[PDB]
Amino acid sequence: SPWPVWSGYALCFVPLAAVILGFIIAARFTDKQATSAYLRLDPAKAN
Amino acid sequence: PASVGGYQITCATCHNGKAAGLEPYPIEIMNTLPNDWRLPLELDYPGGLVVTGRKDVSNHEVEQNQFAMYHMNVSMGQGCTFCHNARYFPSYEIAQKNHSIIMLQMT
Amino acid sequence: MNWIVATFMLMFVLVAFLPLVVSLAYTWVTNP
Amino acid sequence: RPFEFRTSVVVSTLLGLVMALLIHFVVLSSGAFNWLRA
Amino acid sequence: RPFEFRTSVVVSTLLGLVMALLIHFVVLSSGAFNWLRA
Amino acid sequence: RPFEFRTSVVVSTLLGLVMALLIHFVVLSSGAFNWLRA
Amino acid sequence: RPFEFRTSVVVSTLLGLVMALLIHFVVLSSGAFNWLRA
Amino acid sequence: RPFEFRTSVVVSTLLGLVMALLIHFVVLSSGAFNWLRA
Amino acid sequence: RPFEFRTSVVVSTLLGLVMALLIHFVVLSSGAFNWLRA
Amino acid sequence: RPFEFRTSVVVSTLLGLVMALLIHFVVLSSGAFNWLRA
Amino acid sequence: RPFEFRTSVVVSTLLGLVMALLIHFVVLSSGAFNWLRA
Amino acid sequence: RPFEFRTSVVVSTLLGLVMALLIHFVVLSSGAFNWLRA
Amino acid sequence: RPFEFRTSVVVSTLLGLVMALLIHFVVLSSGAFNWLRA
Amino acid sequence: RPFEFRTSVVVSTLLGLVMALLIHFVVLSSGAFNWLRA
Amino acid sequence: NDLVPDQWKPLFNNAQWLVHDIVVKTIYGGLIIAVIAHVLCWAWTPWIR
Amino acid sequence: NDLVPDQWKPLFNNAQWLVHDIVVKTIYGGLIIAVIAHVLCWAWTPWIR
Amino acid sequence: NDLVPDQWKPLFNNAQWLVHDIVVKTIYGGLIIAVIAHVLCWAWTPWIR
Amino acid sequence: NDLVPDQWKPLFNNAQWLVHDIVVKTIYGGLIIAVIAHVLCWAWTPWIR
Amino acid sequence: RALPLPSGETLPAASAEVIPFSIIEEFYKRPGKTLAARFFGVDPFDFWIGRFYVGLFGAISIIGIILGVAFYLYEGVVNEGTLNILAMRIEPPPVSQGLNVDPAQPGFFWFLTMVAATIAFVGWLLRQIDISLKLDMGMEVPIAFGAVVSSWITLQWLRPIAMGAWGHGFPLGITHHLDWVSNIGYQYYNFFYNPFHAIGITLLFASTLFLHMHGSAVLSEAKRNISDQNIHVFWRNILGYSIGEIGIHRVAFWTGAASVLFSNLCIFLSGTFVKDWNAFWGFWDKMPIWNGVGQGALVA
Amino acid sequence: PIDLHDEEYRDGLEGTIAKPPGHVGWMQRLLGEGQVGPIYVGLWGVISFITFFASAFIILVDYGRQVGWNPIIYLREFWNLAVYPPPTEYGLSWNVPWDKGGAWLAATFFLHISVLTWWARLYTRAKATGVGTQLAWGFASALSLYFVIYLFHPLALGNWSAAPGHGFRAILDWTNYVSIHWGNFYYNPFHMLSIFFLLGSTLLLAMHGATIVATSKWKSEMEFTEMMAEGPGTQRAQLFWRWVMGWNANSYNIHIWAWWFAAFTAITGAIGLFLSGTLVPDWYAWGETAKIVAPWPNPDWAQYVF
Ligand code: BCL
Ligand code: BCL
Ligand code: BCL
Ligand code: BCL
Ligand code: BCL
Ligand code: BCL
Ligand code: BCL
Ligand code: BCL
Ligand code: BCL
Ligand code: HEM
Ligand SMILES: [Fe+3]
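Residues numbered from 1 in each chain as written, not as in the entry; some residues may be left out. Chains lettered and ligands numbered in written order. Part of a larger assembly, values for the part shown. Heavy atoms only, no water.

Considerations on the pattern of salt bridges
Put simply, the test is: What makes a salt bridge here is a side-chain nitrogen of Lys or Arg within 4 Å of a carboxyl oxygen of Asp or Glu, nothing more. Three exposure classes are used, based on accessible area relative to the maximum for each residue type with a 1.4 Å probe and protein chains only: buried under 20%, partly exposed in between, and exposed over 50%.
Within this structure, the stated rule accounts for 29 salt bridges over all chains. Between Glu91 of chain S and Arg89 of chain S there is a salt bridge whose closest N-O contact spans 3.3 Å. Of the residues examined, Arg89 of chain S reaches a relative accessible area of 22% and is grouped as partly exposed. Across the pair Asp173 of chain T and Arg169 of chain T runs a salt bridge, and its minimum N-O distance is 3.1 Å. On the accessibility criterion, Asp173 of chain T (10% relative accessible area) is buried. Each member of the salt-bridge network shares a partner with another, and the members are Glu25 and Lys29 of chain S together with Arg242 of chain T.

Pasting the structure below:
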């Protein structure tokens, strides 16, 4: 009685948790790649 | 109900100071509707204009219903929220949706 | 009053519009 | 090697966890077992 | 070679999983079997 | 050669899968075979 | 040469497929043949 | 030369196909020939 | 030369086609000739 | 020279065509001449 | 020189055309002259 | 020295002003003192 | 050293002030003490 | 070392404070203790 | 610009004087036709009354 | 392009001739099948009437 | 591409011939199964009438 | 790629042959299980009728 | 030697020093150029807590966030007993109460939550301005965030005071501010016909289209041997116009601001001056250019 | 192997027109570039142009038929004329009178052909220059939503009346009617997901534009050069977004974010609209059973009445 129907479970909460987890993973990986070391212009002399 | 008041119909209710030449549907109230449109007095009003979740009708019937609803809005001047809760139109909450039923049957 | 406060809020609403017009003017003028 | 070991482990574990949660919720909301107050 | 092995594996597995979910959902929603409270 | 073999294979497979799905849905929705509760 | 062989083949195939689909849909929707439950 | 051969061929073929489709649709929607269920 | 020949040809042909189509539609929709079921 | 010849000819021709079309539709729609079924 | 001759010509001609069309439309819609069926 | 004298003075003054304002508004809006028309 | 003295002082003071304000508002709005007009 | 001391302290303190606040709110909103006017 | 008069040399080129003359003549003819048309329209039906 | 006939050499490559032959055969087979289907459909229910 | 026949050397590589063989066998099997399924469906309930 | 047979050397690496074997075995087992499940379901409640 | 490029590619074989991210941060981190440093002569909080910069407006903002979250969770768990975030209902005081607040009466915690949220948003804007001043940058991000913050301010402060009841504010509940939106949109029927709402919708759609096109353009020339003119030639063959490297970002910024600005104007105008957007367009068929030109069902 | 000069100045079919470029002037001062340049016309773009012209001509002539061919009533009522699809009676049938939906079907078909040929033109032109084909797939997602709206939703519902009506005012009416006919469209979860992605797209566009314009003094707008060696502008932007919200991206990932936000918006919108009619007939009544609707026992109704 107090429980939501199966449609309410899946169609509403599987996408919700998927969105939250995917956002939290994508942020971590993008920050990792952005903080990795690679070719940059030298800040001491470039400006 | 008595909360509406004890007001009663009389001669000045319809004629409004004009002997003959009374005109329903003037040009003023036909703003965003087709000028040939009239209230559809051929239907059964306790369930006549129901369109929500029917699956047997389409946007044509909804357009006719919207024309009727906007005429009701113009006649009262209180906007669409006077008889409806916009979160669910088929709901019976605001208590002027029943008086409108009595008005539809009387008309 | 009914109208004075409404006109003042209208003024406040247009003051929001102003800052982006400032950026447009700066971009237009500073090129030459 | 077509597939890393790590990607296989991650995909399989995620699929298993999601399926377990979905099956538990679908059985609970059915009201066909008399579990947790009918 | 026209097609990599990895691409074929991925496509086949994704198609199979999607189909399995689709036919279980369609069989459930028909109400023609009397499973999980009719 | 005018066409790649891989392009032909991909196009044919996609068209076949789409046609099969469409035909199954169209036959199911017509209610003329008494399959899956009439 | 005014036209590639590939262009002619692709254009003709697309036109034929579109025409076949359109003709089938118009013939079915007319309700004058008694096919798939009249 | 004022015009290529390919341009003329393309324009003429497109115009012919468009006019044929338009004429067929206009004659079908007129309901004056008793074709495809009157 | 103030105008190319190809531009003149294109403009004239397009104008003629558009005018012919418009005249045919207007005369058909006028309902005064008894053509295509009155 | 203040104006190109081609600009003047294009502007004049477009204006003339638009004006002629407008005048014919206005005369047709007034219903004061008994043309094309009154 | 403050203003090009071309600019003044264009502005003055466009203004004249717009005003002429506006004035004919205002006179026609007023119904005071009995022109084009009263 | 862990904290500048200027920082301490600024923070203390800001907090005092904000809290004095907050207490005055909260006492005024409570309507329990018969001040400024009850 | 893991944590600066200044960071600890700032965090502790902010937490204490927030808790004091929240507790005063919660006790005031409960209407369970008869303070500031009941 | 897999985990620095500072992050451990911060995470533990934040979790403890959040749990304390949540538990107090959940117990107060249950209305089963007669605390703060029943 | 040796055809432009002395007064209007700093404003007009030599090719624009002819176009200006054409425009002036056209405007004068249009004004004459307009005055005739307005007189005829007033004689038909006065719009002031 | 030695397999192409003399008349169509400036238009066809050696690898496109075979594909063209395949397309022609497929088109003719489809035309035969379409004729048979149309005659069967007419024998079932005339659409012109 | 020594495994491809002489005719289809300009079109086929040596690794694509085997894939095409697999595809043609799959298509033939699918066609046989489709014919049998259509015959069974017609025997069950005709859809033309 | 000395473990792959002679025919499929142009298509398979030496590491992908074993994975392909595993996938084929899994597919055959799944097919057997699916056939048994379909037989049981038909014996329970026929879906064609 | 392999040089890892910023895109993540490694190529064999200019000031291309492969340097860590710490050096860049240490070079640019210098104290004493914020807003409060000019006013009071010193920023009371001029330090970094982890990666975040804690200025004079960071403490105010954090206090506002904490108080807002606490007051939100108190009303919805207590005083409502919902225990789920998707069904709680945080409403302002009734319209009969007027512009005055009362701790005893209901709707008091909505006021505190709204005030704390406003303080937090303003603090966030000022802190962005401070951080932009510390880096010698332009002031465009604060302009955009100020546009959206003015959009917030119009709905909860200016409109209720103009109407004069303080019950004219959308409730702070998930799936319930949608209820307020739906009931407000239908009270003034055909909110589609509001001219400024349509402009906002148009600018929203244009913003999405422009963002997707810019992403596609940049990603298509990522890791290939290109002469830096191929994308312009592509954008000139298709659509017959290329806007340039600096033009696109300006367009994105300007459109993103303008959409929300027009939307806030439309909502405010709908609140006070107009009561029916269908009657607004009644003047169109009455202008003295079309009045007597039609007959029957075709005349207006 | 790709010459940029011949790609811009060839003649005839598989060539360009308006070859001598024009300059607008004010666009140079405000946007940075004002050249209009030549435009490609070869093969693709001819079929699409012809079909779109045919569809627009059909729609405009049917507009003209509805007012008695009067050009003044045409101008008066141009913004509220529309060609509507066939009514609900015998809806899917094509044997409809020309004035009761006969003109709608042909125009819709020609529009379909136009959009498909435009996608083909985009794909071929992207391939012919050496750049990638991401734009074609983005347009494919947009066309997926379009084809769900115009073809696949009317079908599987049984009538052409479920599609829009080809008019300036007829699309707003379509949106309102579709929202009303299936309960309450706010409580459709995919509509919420699409709104999420759309607002995120606008927010991301505004942030990226503002950042790249703020750091424009050091030439951060040259994104192609920044993807090889990062100059001071990109470093300043990275530091700005690191100190504000604790994490940042580089000059390469943010475009991936924008692309996927737009794609997700389109895809989720299409899925939600398709499910709206066929599986769930009432979204509010479904939300009440899914426990996402808040109880509203005693609403204060004085706010919503004049
Ligand atoms: C309606 C009447 C019946 C019913 C009728 C049937 C019938 C009939 C059948 C099934 C089948 C199955 N059903 Mg059922 N089913 C019922 C109720 C249930 C219930 C339940 C909650 O009661 C459950 C849990 C299931 C579950 C199952 C599965 C065991 C099985 C489908 C597997 C699958 O996904 O294949 C698709 C899966 C895949 C394509 C991939 C699976 C995962 C792989 C193995 C993992 C690889 C990981 C590795 C890292 C990947 C590498 C590549 C990656 C790309 C990186 N059924 C009811 C009672 N069910 C089928 C079966 O028996 O299958 C054997 C079948 O034919
Ligand atoms: C029930 C009677 C219905 C009907 C129901 C269907 C259904 C249902 C379908 C068709 C399909 C088709 N129908 Mg029929 N059809 C009817 C009447 C007709 C009429 C007619 C004039 O009356 C015609 C001309 C056709 C013609 C056709 C063909 C276009 C096609 C079958 C041939 C084919 O291409 O096989 C070629 C097919 C293949 C080569 C497929 C091979 C697939 C391989 C074997 C793999 C299958 C998947 C496998 C199990 C997956 C698991 C294993 C893992 C992959 C490892 N039908 C009536 C109205 N028809 C079928 C089709 O394929 O449509 C696209 C189809 O699905
Ligand atoms: C029936 C009586 C109607 C009326 C019906 C019309 C119609 C109908 C038209 C006019 C047009 C005009 N009317 Mg009248 N008009 C009326 C009353 C008036 C009154 C008045 C105060 O009473 C006035 C002042 C006018 C004034 C005018 C002019 C503006 C104009 C004719 C002169 C002109 O410019 O010729 C200059 C015209 C030309 C030089 C045309 C040259 C065309 C060449 C020969 C090519 C033609 C196309 C050709 C056949 C195409 C096929 C072959 C291919 C080219 C190869 N009308 C009444 C109300 N009037 C005509 C016009 O041109 O409007 C713009 C027009 O179409
Ligand atoms: C009316 C009775 C109200 C009430 C109304 C108020 C109001 C109203 C205020 C307080 C304030 C305070 N209340 Mg009391 N308060 C009540 C009951 C209580 C109770 C209780 C348990 O019953 C407690 C514990 C308190 C406690 C407190 C203190 C926190 C504080 C006063 C001391 C202080 O810090 O002074 C330290 C303050 C100073 C040293 C200020 C010195 C300012 C100098 C003199 C300059 C003043 C400005 C000057 C004139 C400007 C012009 C000249 C130019 C400067 C040249 N109140 C009841 C409910 N209370 C006051 C406060 O300061 O809050 C922060 C305040 O504003
Ligand atoms: C009235 C009875 C109410 C109630 C009302 C309150 C109120 C109201 C408050 C508390 C606060 C607290 N309550 Mg109690 N509380 C109740 C029941 C309880 C129960 C219980 C299980 O029954 C418990 C365990 C607690 C526990 C607590 C603590 C968390 C805290 C006091 C200790 C502390 O941290 O001191 C440490 C506190 C300090 C060291 C502060 C020192 C401040 C110094 C003296 C300066 C003050 C400002 C000064 C005047 C400013 C002007 C001068 C300038 C600075 C120069 N309460 C009941 C329901 N409680 C208080 C608190 O601090 O909450 C955070 C608070 O505000
Ligand atoms: C419903 C009937 C019973 C009941 C039945 C049960 C049963 C049955 C069980 C519990 C269990 C527990 N219950 Mg209970 N419970 C009831 C009512 C309560 C109430 C209450 C307010 O009424 C409370 C507060 C609790 C509390 C608890 C916990 C003590 C415990 C679950 C711990 C947990 O979170 O594990 C999950 C937590 C974690 C996985 C992480 C915990 C944190 C770690 C240790 C912190 C490390 C910090 C360090 C920095 C981390 C490094 C990594 C970082 C990422 C950097 N119960 C009622 C009365 N309860 C369970 C138990 O006993 O567990 C032992 C259990 O099985
Ligand atoms: C209401 C009672 C009367 C009436 C009352 C009047 C009165 C009174 C007058 C007119 C006038 C005119 N009327 Mg009227 N009118 C009536 C009905 C009609 C009917 C009709 C179908 O019945 C027609 C066709 C007209 C038409 C006309 C025109 C001949 C004329 C206005 C010309 C104009 O637009 O000037 C404005 C136009 C322009 C400024 C554009 C000129 C364009 C030039 C000539 C071409 C240049 C091309 C070249 C490329 C340009 C180069 C420069 C560019 C910038 C590149 N009338 C009724 C019957 N009409 C007026 C007149 O006589 O005018 C002379 C006038 O005063
Ligand atoms: C039932 C009677 C209906 C009708 C129903 C249909 C239907 C239904 C169709 C046609 C089609 C056509 N109709 Mg008929 N048609 C009618 C009356 C007419 C009249 C008339 C004036 O009376 C005319 C002139 C036509 C004319 C035509 C042709 C344009 C066309 C058939 C020939 C063709 O082009 O084949 C050229 C076509 C081919 C060669 C196809 C070759 C395909 C190959 C063999 C592969 C087939 C698919 C294959 C099985 C897929 C699976 C395997 C994988 C590919 C590996 N019809 C009446 C009203 N007509 C057909 C068509 O093609 O329209 C475009 C069509 O679909
Ligand atoms: C999520 C899945 C896990 C995993 C889970 C397992 C499991 C579990 C097993 C292996 C085993 C193997 N795995 Mg491992 N494995 C993973 C990742 C990998 C990777 C990799 C990513 O690089 C590789 C190279 C391997 C490779 C291998 C082999 C070394 C080894 C033997 C395979 C074999 O001979 O199969 C050939 C045989 C088959 C393919 C059997 C297929 C059976 C089919 C599915 C039918 C089953 C019928 C069912 C049991 C009956 C049901 C009755 C019911 C009551 C109705 N695995 C992932 C991460 N792997 C096996 C092993 O080491 O055994 C000693 C083993 O048991
Ligand atoms: C009061 C009881 C009452 C009177 C009295 C009354 C009179 C009346 C007359 C005399 C006419 C005809 C005059 C003429 O020749 O047309 C007339 C016509 C109409 N009425 Fe009436 N009427 C009274 C009551 C009402 C009421 C309450 C209504 C409204 C429901 C009503 C309506 C009308 C209408 C409509 C007409 C048609 C008149 C028209 O010009 O078309 N009357 N009434
Ligand atoms: Fe960019």
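As for the interface of chain S and chain T
As a reminder of what qualifies: Here a residue-residue contact requires only that any non-hydrogen atoms of the pair lie within 4.5 Å. Under the scheme used here, helices are H or I runs from DSSP no shorter than 4 residues and strands are E runs no shorter than 2 residues, and both carry numbers assigned from the N terminus. In the scheme used here, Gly and all other residues not listed as nonpolar or charged are polar, with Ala, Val, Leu, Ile, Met, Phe, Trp, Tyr, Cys and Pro taken as nonpolar and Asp, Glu, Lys and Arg as charged.
Between chain S and chain T, the contact holds 101 residues from the first and 101 residues from the second. At the junction of chain S and chain T, the tally comes to three salt bridges. Here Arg236 of chain S makes a salt bridge to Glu8 of chain T, at a shortest N to O gap of 3.5 Å. Only α1 (21-28), β5 (52-54), α4 (108-134), α5 (140-163), α6 (177-187), α7 (195-220), α8 (230-237) and α9 (247-272) of chain S provide two or more residues apiece to the side of chain S that touches chain T. For the side of chain S that touches chain T, the element with the most residues is α7 of chain S, which contributes 14 residues. Considered class by class, the residues forming the side of chain S that touches chain T number 56 nonpolar, 27 polar and 18 charged.

Describing the UniProt feature "binding site: bacteriochlorophyll a 2" (unreviewed entry) in chain O
Going by this rule: UniProt positions are given in the numbering used here, feature names are shortened, and annotations may be inferred rather than shown by experiment.
As recorded in UniProt, the feature "binding site: bacteriochlorophyll a 2" (unreviewed entry) lies at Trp8, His20 and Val24 of chain O. If you trace the backbone, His20 of chain O turns up in helix α1 (residues 16-44). Residue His20 of chain O is classed as partly exposed on the basis of its relative accessible area of 29%. Setting aside residues no more than four positions away along its own chain, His20 of chain O makes contact with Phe5 of chain K together with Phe12 of chain O. Mapped onto the secondary structure, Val24 of chain O falls in helix α1.

Looking at the side chain of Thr255 of chain S
Residue and element names in this part refer to chain S. Topologically, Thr255 is positioned in helix α9. A relative accessible area of 12% places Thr255 in the buried class. Setting aside residues no more than four positions away along its own chain, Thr255 makes contact with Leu203 and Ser207.

Focus on the packing of helix α1 (residues 5-30) of chain H against helix α5 (residues 98-129) of chain T
In plain terms, the rule: Think of each axis as a best-fit line through the C-alpha atoms, taken over the contacting stretch in the case of a helix, with angles from 0 to 180 degrees between the N-to-C directions. The scheme is simple: roughly parallel for angles under 35 degrees, roughly antiparallel for over 145, roughly perpendicular for 65 to 115, oblique for anything else. Crossing handedness: left-handed means the near helix sits turned counterclockwise from the far one by under a right angle, and right-handed means the same turn made clockwise.
Between α1 of chain H and α5 of chain T, whose axes approach to 10 Å, the crossing angle comes to 160°. Taken together, α1 of chain H and α5 of chain T sit at an angle that is classed as roughly antiparallel. Considering only the axes of α1 of chain H and α5 of chain T, their crossing is right-handed. On α5 of chain T, the residues touching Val18, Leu21, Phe25, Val26 and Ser29 of chain H of α1 of chain H are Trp98, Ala106, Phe109 and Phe110 of chain T. Among the residues forming the contact of α1 of chain H with α5 of chain T, the class breakdown is eight nonpolar, one polar and no charged.

Looking at a positive patch on the surface
To keep things clear, this is the line we draw: Each patch is built from residues that are more than 30% exposed by relative accessible area and take part in no salt bridge. Like charges join if they lie within 9 Å; nonpolar side chains (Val, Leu, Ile, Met, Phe, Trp, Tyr) join within 5 Å. A 1.4 Å probe and the Shrake-Rupley method give the accessible areas. Residues count as covered only by the protein chains that appear here. Charge counting treats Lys and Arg as positive and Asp and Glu as negative, with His and both chain ends excluded. Charged side chains are reduced to one point each, which is NZ for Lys, CZ for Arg, CG for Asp and CD for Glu.
A cluster of basic residues, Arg28 and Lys32 of chain A together with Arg1 and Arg6 of chain D, forms a positive patch on the protein surface. For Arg1 of chain D, the position within the fold is in the segment before α1 (5-30).

Let's talk about the site of ligand 3
We count it as follows: When at least one non-hydrogen atom of a residue lies within 4 Å of a molecule or strand, that residue is treated as near it.
Every residue close to ligand 3 is listed here: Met19, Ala20, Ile23, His24 and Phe33 of chain J. Here the shell around ligand 3 is composed, by residue class, of four nonpolar, one polar and no charged.

Regarding the nonpolar core
Note the cut-off: To qualify as a nonpolar core, a set must consist of buried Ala, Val, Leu, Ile, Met, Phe, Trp, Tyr and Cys residues joined through side-chain atoms within 4.5 Å.
Core analysis: the biggest nonpolar cluster contains 72 residues, and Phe25 of chain I together with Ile58, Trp94, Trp104, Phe110 and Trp286 of chain T have the highest contact counts within it. Counting residues per element, this core draws most heavily on α5 of chain T, which supplies ten residues. The residues touching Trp104 of chain T, leaving out its near neighbours within four places in the chain, are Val83, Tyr84, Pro85, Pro86, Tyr150, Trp160, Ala163, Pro164, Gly165 and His166 of chain T. Within the second largest apolar cluster, 38 residues are counted, among which are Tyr28, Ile131 and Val251 of chain S together with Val244 of chain T.

Comments concerning the interface of chain F and chain Q
Worth spelling out the cut-off: Buried area: the accessible area, evaluated with a 1.4 Å probe, that two parts lose upon being put together, summed over both parts. Polar contact is the term for a pair of N or O atoms within 3.5 Å; when the atoms are in protein, one must be able to donate a hydrogen and the other to accept it, and sequence-neighboring residues count only if both atoms are side-chain atoms.
Counting from both sides, the interface comprises seven residues of chain F and, opposite them, nine residues of chain Q. At the boundary of chain F with chain Q, total buried surface from both sides reaches about 700 Å², with 75% on carbon and sulfur atoms. When the buried area of chain F at its contact with chain Q is split by residue, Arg1, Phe5 and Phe33 of chain F rank highest and sum to 84% of it. Linking chain F to chain Q there are one residue pair in polar contact.

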